[PDB]
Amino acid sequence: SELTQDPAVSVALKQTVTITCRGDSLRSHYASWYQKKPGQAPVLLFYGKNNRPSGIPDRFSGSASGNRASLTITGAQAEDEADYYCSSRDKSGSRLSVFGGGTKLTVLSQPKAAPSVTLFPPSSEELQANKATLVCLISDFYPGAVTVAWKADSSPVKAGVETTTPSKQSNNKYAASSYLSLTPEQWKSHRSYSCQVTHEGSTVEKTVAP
C-alpha cells in the first residue's frame, strides 16, 4: 500500500519481463518477491541485495534503484503465470511490513482466440421462483482476460452484475461467466438485454428478449 505495483503485465513465452514495485520505503530497505498461484502457498523468489533461495530457478532475479525494486524473469516459462508480490517495510525504519498490491503475469503461450458468447435468459423455473438471472457464458478465448458490459435495451446496466475471473478450460483456452440479476418485473420491463464481451480490443455481443 506504501508499495505500489501495476496490476497486470504480459510476456511472450521464452522472453523477459520486469515487474516493478515502488515506494519511499524502498529507498532504504530491500524488497523480497513472492510467487502466488491459486491453490498453493506463496513462494519466496528473491530477497535482499542479490539472494535467490535454493530451489528457485535462476531465471528469477531482483534489482533495486531508488524508490523502485524490480523482479526480472528472464526466459519466461508457462509455469511462471502467477501473481507476483513485493514486500518490504511499510516505511523507512518501521517495525511493520507490507505487501505491494500484486502483479498478475500472463505468459502468452498460444495464439489469440476470440471469445464465443452464449447468453441465457431466465428460465421459467427461476421466474416461478420470483427471480430473474441472465447468464452470459464466455468461452474459448485466449489470452484469459475479458471485460463484460451489460445493456438493458440500449442503456448501460450497472447494478446486479457479477462476473467470474477467467478460468482455464480443458483445451487450455479460457472461459468466463457474467450474471445479471433482476426481478421478473424488471426482466419483463425491457425489450431486450445484451451481454457485451470485449477481448483484446474486439467486442462480441449477444442479445435476449423476454
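Numbering starts at 1 and follows the sequence shown.
- The mean C-alpha temperature factor is higher for 185-193 when 185-193 and 18-26 are set side by side.
- Judged by mean Cα B factor in the deposited record, 148-156 ranks above the other of 148-156 and 59-67.
- Residues shown: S87, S94, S123, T103. Highest C-alpha temperature factor in the entry: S123.
- In this entry, the residue among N51, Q35, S170, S178 with the greatest C-alpha B factor is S170.
- In the PDB entry, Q128 places in the highest third of its chain by CA B-factor.
- Among all modelled residues in this chain, the alpha-carbon of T72 has a temperature factor (C-alpha) in the lowest third.
- Placement of the Cα temperature factor of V135 within the chain: middle third of the modelled residues, per the deposited record.
- When the modelled residues of the chain are ordered by C-alpha B-factor, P143 sits in the middle third.
- Looking at the C-alpha B-factors along this chain, the one for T4 belongs to the middle third.
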